[PDB]
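A.B. asks: Let me give you the structure first, and then I'll get to my questions.
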Amino acid sequence: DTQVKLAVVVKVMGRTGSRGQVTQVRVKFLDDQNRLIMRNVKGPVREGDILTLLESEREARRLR
Amino acid sequence: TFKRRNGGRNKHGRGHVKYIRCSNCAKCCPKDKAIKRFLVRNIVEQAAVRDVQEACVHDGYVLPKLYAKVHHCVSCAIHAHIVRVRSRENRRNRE
Amino acid sequence: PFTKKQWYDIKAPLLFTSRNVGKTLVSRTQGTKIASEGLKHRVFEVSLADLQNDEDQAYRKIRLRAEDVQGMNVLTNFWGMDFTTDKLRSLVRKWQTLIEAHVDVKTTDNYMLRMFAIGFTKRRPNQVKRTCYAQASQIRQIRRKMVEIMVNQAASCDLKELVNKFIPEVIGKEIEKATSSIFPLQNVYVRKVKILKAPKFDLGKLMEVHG
Amino acid sequence: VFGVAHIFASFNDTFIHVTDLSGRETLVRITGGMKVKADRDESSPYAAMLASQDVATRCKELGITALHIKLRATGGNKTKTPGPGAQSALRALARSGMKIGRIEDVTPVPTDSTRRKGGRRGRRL
Amino acid sequence: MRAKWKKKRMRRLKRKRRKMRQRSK
RNA sequence: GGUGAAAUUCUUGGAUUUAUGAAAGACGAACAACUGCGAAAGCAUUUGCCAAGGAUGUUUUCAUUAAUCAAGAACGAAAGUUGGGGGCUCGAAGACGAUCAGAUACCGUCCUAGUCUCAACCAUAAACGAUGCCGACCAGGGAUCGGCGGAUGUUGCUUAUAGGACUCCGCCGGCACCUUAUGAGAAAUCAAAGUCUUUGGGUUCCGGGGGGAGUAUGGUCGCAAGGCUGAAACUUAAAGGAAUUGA
RNA sequence: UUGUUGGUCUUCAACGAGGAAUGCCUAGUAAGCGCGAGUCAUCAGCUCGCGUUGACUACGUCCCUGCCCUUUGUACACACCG
RNA sequence: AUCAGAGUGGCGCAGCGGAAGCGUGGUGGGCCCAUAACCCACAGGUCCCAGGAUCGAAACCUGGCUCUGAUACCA
Ligand SMILES: [Mg+2]
Ligand SMILES: [Mg+2]
Ligand SMILES: [Mg+2]
Ligand SMILES: [Mg+2]
Ligand SMILES: [Mg+2]
Ligand SMILES: [Mg+2]
Ligand SMILES: [Mg+2]
Ligand SMILES: [Mg+2]
Ligand SMILES: [Mg+2]
Ligand SMILES: [Mg+2]
Ligand SMILES: [Mg+2]
Ligand SMILES: [Mg+2]
Ligand SMILES: [Mg+2]
Ligand SMILES: [Mg+2]
Ligand SMILES: [Mg+2]
Ligand SMILES: [Mg+2]
Ligand SMILES: [Mg+2]
Ligand SMILES: [Mg+2]
Ligand SMILES: [Mg+2]
Ligand SMILES: [Mg+2]
Ligand SMILES: [Mg+2]
Ligand SMILES: [Mg+2]
Ligand SMILES: [Mg+2]
Ligand SMILES: [Zn+2]
C-alpha cells in the first residue's frame with residue numbers, strides 16, 4: 001500500500017513543459033525534514049505551499 | 001570554398017587513419033575526425049546519492065564512477081548539441 | 001519451490017585474515033543430483049577488502065573456487081585474481097604511456113598460471129612538459145624486466161606464499177624499483193592472474209591450507 | 001546475508017536478477033516488462049522501480065538483507081551506457097530497505113569486437 | 001549522385017551496344 | 001526482442017537472464033595525439049629471425065658520378081573475376097514486416113555473393129594538400145618527434161661516478177601550428193599560392209567558352225567487368241569562380 | 001403590389017445545447033441587459049457610442065501560427081507560392 | 001449425363017438467427033494561398049426467386065433460376 005505524504009515547496013525552480021504549464025519545485029518532507037526532492041506541479045504555486053504526494057519515490061530531474 | 005584549414009579532421013603526415021563506429025548510429029567515421037568525449041560520471045546523481053550512502057554497509061565505501069569514451073559522427077554530435085555551429089571567426093578557436 | 005534448498009557456509013583459507021566469505025544455497029540432496037559432490041566446483045567472487053578488512057585494497061577482486069564440502073561447510077581455495085573495472089579505468093589516462101606484460105609460469109606444485117602486469121609512466125616534479133611517454137624501446141626494456149621479475153619471483157614453493165606476495169604487492173613495487181634506471185613507472189600492479197591449469201585434488205594439501 | 005543483484009538495464013528493458021554468491025541459483029528475477037502493458041515504456045524508470053520493490057519483497061522473505069550490485073549495459077559491439085532504468089533500480093532497492101554491499105560495472109567491453117549492425121552509413125532516420 | 005548515375009547509365013548502354021555488335025559477328 | 005510507435009521473430013521441447021567451461025572465425029578497444037614510419041596505396045597484441053631505411057655524428061672514402069624524364073618497368077584502397085580453404089560477425093541481391101497516395105527506399109527481421117585466407121587476375125578512387133620534382137633567397141614565435149652538443153640540481157634509480165627520468169640553452173632534420181604584411185591574389189586565402197608588365201634557375205605532365213562526350217570509331221591490354229588511347233556532325237550565349245546585400 | 005411599418009384575433013414549423021473544424025477574450029474586462037446617434041417621409045436584426053449587472057482562468061511559454069535581433073547554409077533574387 | 005461450389009451499395013467481397021457493412025470510387029463540407037493526400041459527414045441496399053420451421057433469418061430445411069468446378073472405368 002501507499003500512504004499520502006505531505007511536503008512543502010521550499011524553493012521553486014522553474015517552468016517546464018512544452019507550453020510552460022508545469023512548474024518544477026523542490027519539496028521537503030514534513031515528517032523527515034531531511035529529504036528534499038524535485039517535483040513537477042501543475043497550477044499556480046509559490047514558496048511555502050504544501051503539496052500532497054500520492055507516492056513519494058518519484059523524483060524529477062533538472063529541466064525535466 | 002574551403003571551410004577549414006585542417007579539412008575537418010586532424011591528419012598530417014599520415015595517409016590513412018582507421019575508422020570508428022558512431023556511438024549513436026554506427027556510422028563509420030575516421031578516428032581523427034570523430035567527436036571524442038571522455039565521460040567520467042557517477043553511479044547515481046546527487047539527489048539519490050545519500051539514500052545509497054546511508055545504505056552502504058561499510059564505512060568509507062566510495063561509490064564508483066562510470067568511465068566511457070564516446071565517439072560521435074559529425075551529424076550526431078551536431079544534432080545532439082555536443083558541438084554547435086559557430087561563427088566564421090570563432091570556428092578557429094580550439095580551446 | 002524454496003522448501004527444498006539448504007544453505008551452506010563458504011570458508012576461505014587461512015592466508016586471508018578474515019574468513020567465512022558468505023553463504024551459498026544448494027538444493028536438498030536427491031540421488032543423482034546429490035548436492036555435495038554434485039556441485040563441488042562453484043566459483044565465487046569476493047573483494048579483498050572483505051578478506052583483509054583494510055579498505056586501501058577494495059579493488060583486487062579475488063575469485064575463489066570450491067574444492068571440497070564438509071557437512072554444511074564449503075571449503076575454498078584460490079582460483080584467480082583480477083581488478084575491478086573502476087580501478088582499471090581510473091588508471092588509463094591520456095598523455096601517459098601504458099606498459100603491458102604477461103607470462104605463463106609454474107609453481108612447485110603443478111599449477112600453471114598466467115600473470116598479467118600493467119604499469120604507467122610517472123611524471124616527475126618540476127616537469128614542464130605536457131606528456132610523459134617512453135620510446136617503445138624503453139617500453140621493451142621495461143616489459144622484458146617485467147616478465148623476468150614476474151617469473152623469478154613466482155615459481156616459488158606454493159600458491160600459499162605466492163598469494164602472500166600478491167596481498168602486500170611484493171611483485172608490483174619490486175617491479176617499480178627494478179625499472180627506475182629505465183623509466184619511473186607509477187601505479188605498477190599485477191592486473192590479473194588466471195590460473196591456466198589445476199593438477200589434481202590433493203586432499204591433504206587442502207586442509208594444509210584451510211581451517 | 002548476501003545475494004548479488006545483476007541489474008541489466010538496457011534500452012527497451014531492465015532486468016533485476018538476484019542470485020546467490022556464485023551466480024548459480026536464481027532467487028527472484030523480475031524484469032521491467034512485467035510491471036507494464038505497453039512495449040514503449042518497459043524501460044521507463046517507473047517499471048524499473050516497480051520491479052525493484054517486488055524483488056525487495058521477494059528477497060526479505062528469504063533472509064538476505066544486503067545485496068551486491070553488478071550493473072550492466074548491453075555492451076558487446078553496442079552501447080556501453082546503462083539505460084534509463086539502471087538508476088531507478090538502485091534508488092528503489094536502497095530506499096525500499098535493504099543494504100548495498102558493493103557497486104561495480106560488468107558491461108562487456110571488447111578489446112576489439114566483430115562488426116556492428118547497420119552498415120557503413122549507419123542507422124539514418 | 002547524378003554524375004555517378006549518369007556514368008552507370010552510359011556503362012549500361014555501352015555494354016548493350018557491345019552485345020549487339022558481338023551478336024552481329 | 002525491436003521501435004517514434006509497432007509487426008515479422010523466439011518462447012513452459014524454458015525464450016531473454018545468470019554462472020563455469022569448450023569450440024570456431026573475425027577484430028586488436030582504452031593508451032591513441034593539430035604524434036611516428038612508408039614512394040604512394042598503407043602500417044597499431046608479444047617475442048624471435050631475415051634483409052631494408054631516414055636523420056644525427058664524423059679531421060673516413062670516391063671525385064661531378066648529378067636534376068627531371070619520351071620508350072620501358074615495380075607497387076597500387078575498396079569493389080570485382082577464377083579455383084581451393086574457411087565460413088564468427090556484418091551484409092550487395094532476395095524474402096518478409098512496417099510507413100506511405102504509392103515505397104521496387106529510409107526503419108525492423110531472416111539472409112545469398114562478399115567480408116577472412118591461399119594461387120592467379122584486375123589497375124581504378126574526392127588514389128586530395130583538389131598544390132609534380134630539384135635548387136636559391138625571403139619574418140616573427142612558441143610548442144613537438146629523432147639525433148647531437150653544452151649546462152648545475154634532483155631522483156624512491158646507480159659498488160661511486162657516467163648514465164636512465166626531469167629542467168634550461170643551442171645546432172641539424174621531420175609532421176605541423178600561431179601572429180603578421182614590407183608581398184601576392186578575383187577574392188576566399190597563402191610564410192610560400194612571396195621574390196611577375198621592374199615579366200627569363202632547371203625539368204616533366206597538362207588547359208584553351210558550355211554541351212555533344214570520355215560518346216562513336218580504329219588500335220591495344222583483360223577471362224570478364226572493364227582499363228589506356230580517343231573524334232566528328234550538331235547544338236548553345238553563356239556555363240562557371242570568389243565575395244556582398246537580402247529572402 | 002413581390003406584404004414599408006405598427007396594432008388585433010387566429011395559424012404553433014425546425015430546434016432535445018450542435019461532426020470535422022474554428023473565432024474573440026486577462027478587470028469594471030468576457031458575457032448578459034437595455035438606451036442614444038448615423039442612415040431617415042417611412043423602415044435597424046447593422047455600424048458607431050453609452051451606461052447598467054458583473055465573473056472563470058493565467059500572471060506563463062515558444063508546442064502550433066507568426067514577429068524582432070544574432071550566428072549559420074544556400075544551385076533562391078518574380079526571392080521556397082523559389 | 002449426375003453431383004459439389006458461387007449470387008449481398010453503381011464495382012470487388014466479407015456477414016455464427018439479436019437484423020447490414022469493409023474496401024474503392026459519388027455528392028456536400030473542413031484543412032491549405034491553392035491542388036493532391038488527409039478529416040468529417042450525407043445518400044446508397046428486390047441480401048438470387050418462391051415456401052416452410054422457428055422467441056427470432058441474408059443464414060436452417062425444401063423447391064425452382066443463373067454462373068464455376070468436377071466423376072464419366074472391362075470391351
Ligand atoms: Mg613522413
Ligand atoms: Mg587515402
Ligand atoms: Mg535457460
Ligand atoms: Mg609514437
Ligand atoms: Mg591493444
Ligand atoms: Mg529488400
Ligand atoms: Mg583518374
Ligand atoms: Mg588531380
Ligand atoms: Mg600527387
Ligand atoms: Mg630534442
Ligand atoms: Mg626544428
Ligand atoms: Mg579559346
Ligand atoms: Mg572546350
Ligand atoms: Mg557561390
Ligand atoms: Mg428601404
Ligand atoms: Mg435610428
Ligand atoms: Mg449597413
Ligand atoms: Mg550545406
Ligand atoms: Mg558549402
Ligand atoms: Mg538567380
Ligand atoms: Mg517548394
Ligand atoms: Mg470532395
Ligand atoms: Mg483537397
Ligand atoms: Zn552518428
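Please note that chains go A, B, ... in the order of the C-alpha cells, that every chain numbers its residues from 1, and that ligands are numbered from 1 in the order shown.
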Output as a ChimeraX atom specification the set of chain F residues within 8 Å of chain D, with distances taken over only C-alpha atoms (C1' of nucleotides).

C.D. replies: /F:3,5,17-19,26-29,88-91,106-107

A.B. asks: Find the residues around residue 24 of chain B up to 12 Å (only C-alpha atoms (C1' of nucleotides) counted), leave out those fewer than 2 positions away in its own chain, and share them as a PDB file with C-alpha atoms, in the first residue's frame.

C.D. replies:
ATOM      1  CA  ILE B  20      35.402   4.080 -35.701  1.00  0.00           C
ATOM      2  CA  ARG B  21      31.681   3.461 -35.390  1.00  0.00           C
ATOM      3  CA  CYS B  22      29.452   6.265 -34.115  1.00  0.00           C
ATOM      4  CA  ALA B  26      27.154   3.266 -36.080  1.00  0.00           C
ATOM      5  CA  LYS B  27      28.283   5.434 -38.995  1.00  0.00           C
ATOM      6  CA  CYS B  28      31.890   4.859 -39.995  1.00  0.00           C
ATOM      7  CA  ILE B  35      33.922  13.898 -31.898  1.00  0.00           C
ATOM      8  CA  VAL B  70      32.156   8.139 -26.545  1.00  0.00           C
ATOM      9  CA  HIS B  71      32.632   8.873 -30.238  1.00  0.00           C
ATOM     10  CA  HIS B  72      30.115  10.651 -32.438  1.00  0.00           C
ATOM     11  CA  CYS B  73      29.955  11.295 -36.130  1.00  0.00           C
ATOM     12  CA  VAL B  74      29.642  14.934 -37.129  1.00  0.00           C
ATOM     13  CA  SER B  75      25.911  14.638 -37.800  1.00  0.00           C
ATOM     14  CA  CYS B  76      25.023  13.049 -34.459  1.00  0.00           C
ATOM     15  CA  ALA B  77      27.288  15.373 -32.478  1.00  0.00           C
ATOM     16  CA  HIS B  79      22.210  17.097 -33.633  1.00  0.00           C
ATOM     17  CA  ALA B  80      22.852  16.166 -30.003  1.00  0.00           C
TER      18      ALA B  80
ATOM     19  CA  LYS D  78      26.933  -1.763 -28.883  1.00  0.00           C
ATOM     20  CA  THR D  79      26.218   0.941 -26.335  1.00  0.00           C
ATOM     21  CA  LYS D  80      28.292   0.927 -23.166  1.00  0.00           C
ATOM     22  CA  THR D  81      25.999   3.120 -21.128  1.00  0.00           C
ATOM     23  CA  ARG D 116      28.268  -3.900 -35.702  1.00  0.00           C
ATOM     24  CA  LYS D 117      24.830  -3.867 -37.306  1.00  0.00           C
ATOM     25  CA  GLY D 118      23.765  -1.124 -39.669  1.00  0.00           C
ATOM     26  CA  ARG D 121      26.434   4.932 -43.378  1.00  0.00           C
ATOM     27  CA  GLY D 122      24.797   3.943 -40.101  1.00  0.00           C
ATOM     28  CA  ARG D 123      21.196   3.938 -38.983  1.00  0.00           C
ATOM     29  CA  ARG D 124      19.905   7.023 -40.801  1.00  0.00           C
ATOM     30  CA  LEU D 125      16.460   8.352 -39.919  1.00  0.00           C
TER      31      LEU D 125
END

A.B. asks: Would you compute the distance between atom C1' of residue 66 of chain H and atom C1' of residue 47 of chain H? Give it in Å to one decimal.

C.D. replies: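 So the answer is 16.2 Å.
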
A.B. asks: How would you write, as a ChimeraX atom specification, the set of residues in chain B that DSSP gives as helix (DSSP H, G or I)?

C.D. replies: /B:46-48,50-53,74-79,90-92

A.B. asks: At a cut-off of 10 Å, using only C-alpha atoms (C1' of nucleotides), what residues contact residue 29 of chain H? Leave out same-chain residues fewer than 2 positions from it and give the result as a list in words.

C.D. replies: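 Answer for this query is residues 20 and 21 of chain G; 40 and 41 of chain H.
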
A.B. asks: Could you list, as a PDB file with C-alpha atoms (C1' of nucleotides), in the first residue's frame, all residues that come within 12 Å of ligand 18? Count only C-alpha atoms (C1' of nucleotides) and all ligand atoms.

C.D. replies:
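That gives us part_36.pdb:
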ATOM      1  CA  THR B   1      35.326  27.459 -50.950  1.00  0.00           C
ATOM      2  CA  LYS B   3      35.615  25.781 -44.892  1.00  0.00           C
ATOM      3  CA  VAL B  85      27.656  25.729 -35.459  1.00  0.00           C
TER       4      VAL B  85
ATOM      5  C1'   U G  72      24.838  29.672 -39.913  1.00  0.00           C
ATOM      6  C1'   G G  73      23.794  27.074 -45.047  1.00  0.00           C
ATOM      7  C1'   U G  74      22.150  28.256 -49.928  1.00  0.00           C
ATOM      8  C1'   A G  75      22.417  25.942 -57.030  1.00  0.00           C
TER       9        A G  75
END

A.B. asks: Can you tell me which residues come within 12 Å of ligand 6 when counting only C-alpha atoms (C1' of nucleotides) and all ligand atoms, ideally as a VMD selection string?

C.D. replies: chain F and resid 91 to 97 103 to 105 108 to 111

A.B. asks: Write out as a VMD selection string the residues lying within 12 Å of residue 38 of chain H, counting only C-alpha atoms (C1' of nucleotides) and excluding same-chain residues fewer than 4 positions away.

C.D. replies: (chain F and resid 101) or (chain G and resid 20) or (chain H and resid 30 to 32)

A.B. asks: Provide the atom CA of residue 161 of chain C to atom CA of residue 15 of chain C distance in Å, to one decimal place.

C.D. replies: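 Value for the atom CA of residue 161 of chain C-atom CA of residue 15 of chain C distance: 8.5 Å.
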
A.B. asks: Any idea which chain A residues end up within 10 Å of chain B if we count only C-alpha atoms, as number ranges by chain please?

C.D. replies: A: 35-38, 59-61

A.B. asks: Using N, CA and C atoms, can you write the selected residues to a file as a PDB file, in the first residue's frame?

C.D. replies:
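Wrote it out as part-v6.pdb, contents follow:
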ATOM      1  N   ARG A  35      14.754  15.073   3.662  1.00  0.00           N
ATOM      2  CA  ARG A  35      14.629  14.514   2.323  1.00  0.00           C
ATOM      3  C   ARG A  35      14.042  15.585   1.417  1.00  0.00           C
ATOM      4  N   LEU A  36      14.894  16.220   0.619  1.00  0.00           N
ATOM      5  CA  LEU A  36      14.477  17.262  -0.312  1.00  0.00           C
ATOM      6  C   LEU A  36      14.613  16.735  -1.730  1.00  0.00           C
ATOM      7  N   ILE A  37      13.513  16.769  -2.483  1.00  0.00           N
ATOM      8  CA  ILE A  37      13.471  16.169  -3.812  1.00  0.00           C
ATOM      9  C   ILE A  37      12.722  17.065  -4.790  1.00  0.00           C
ATOM     10  N   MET A  38      12.997  16.855  -6.072  1.00  0.00           N
ATOM     11  CA  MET A  38      12.451  17.663  -7.155  1.00  0.00           C
ATOM     12  C   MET A  38      11.108  17.089  -7.595  1.00  0.00           C
ATOM     13  N   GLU A  59      11.077  11.186  -8.367  1.00  0.00           N
ATOM     14  CA  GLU A  59      11.895  12.389  -8.232  1.00  0.00           C
ATOM     15  C   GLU A  59      12.257  12.927  -9.607  1.00  0.00           C
ATOM     16  N   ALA A  60      11.906  14.184  -9.855  1.00  0.00           N
ATOM     17  CA  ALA A  60      12.117  14.803 -11.150  1.00  0.00           C
ATOM     18  C   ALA A  60      13.593  15.103 -11.379  1.00  0.00           C
ATOM     19  N   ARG A  61      13.918  15.416 -12.625  1.00  0.00           N
ATOM     20  CA  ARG A  61      15.281  15.742 -12.999  1.00  0.00           C
ATOM     21  C   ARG A  61      15.341  17.149 -13.581  1.00  0.00           C
TER      22      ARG A  61
END
